[PDB]
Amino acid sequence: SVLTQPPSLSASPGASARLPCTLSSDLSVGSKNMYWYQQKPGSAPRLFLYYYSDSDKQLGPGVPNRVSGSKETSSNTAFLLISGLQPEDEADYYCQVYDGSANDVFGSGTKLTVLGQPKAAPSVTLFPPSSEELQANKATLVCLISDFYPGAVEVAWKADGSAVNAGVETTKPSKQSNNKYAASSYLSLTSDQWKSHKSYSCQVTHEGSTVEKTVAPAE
């Protein structure tokens, strides 16, 4: 038995997101108890909606009144309906039923995007290697990038104006609690490599705009 959810869904603020959960044909959505869980980064899922019918339904603890459910028997699909959309609605939504022995069955989740979030340039902090790390003959430059939206970012390191390709590891952007994005980039170097240049630069490009921070081994 299988629940099919689209991987992602976008919707406008004020309007309604209709998240579908399609049940395999061996089930009849008409008579199935549906459960929806909301999950945000870093936390366990939380019960969002229990839906059998418009007559028999309950919102989960702390869930606002603008949430509802429905079922389309023709497409054998249950829906989670979120009205009056706000940014705090952005999350992963999992649908779930149970089989005859109360075994859980989960859909794969829909990541819901609320449109119209204002563009936000990244804040960038570059740290040089510490003196403790230089004693260990190593040097890590730490470029920390936060509060940007949308969550796409390009990172380039420069040494004395020349591109640096080796030793660079950058994280995927990850959604922060305020619905902006965070990422970080590490330039890993030997102490001697770090001493052999007058400056290093972390350049962060975001929707065509580049924010740049620089650090100098002179100290």
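Start at 1 and count along the sequence shown; that's the residue number.
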(request) Averaging only over Cα atoms, indicate whether 155-163 or 47-55 has the higher B-factor in the PDB entry. (result) 155-163
(request) Between 119-127 and 135-143, name whichever shows the higher mean Cα B factor according to the PDB entry. (result) 135-143
(request) Name the one of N103, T113, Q96, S108 with the greatest CA B-factor according to the PDB entry. (result) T113
(message) In terms of recorded Cα temperature factor, pick the maximum from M34, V168, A182, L189.
(response) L189
(request) Quick one: classify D92 as lowest, middle or highest third of the chain based on its Cα B-factor. (result) lowest
(request) Classify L9 as lowest, middle or highest third according to the C-alpha B-factor given in the PDB entry, relative to its own chain. (result) middle
(message) Please place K40 in the lowest, middle or highest third of its chain according to the CA B-factor in the PDB entry.
(response) lowest
(request) Select lowest, middle or highest to describe the third in which the CA B-factor of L80 falls within its chain in this entry. (result) lowest
(request) Report the third (lowest, middle or highest) to which the CA temperature factor of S174 belongs, ranking only the modelled residues of the same chain. (result) lowest
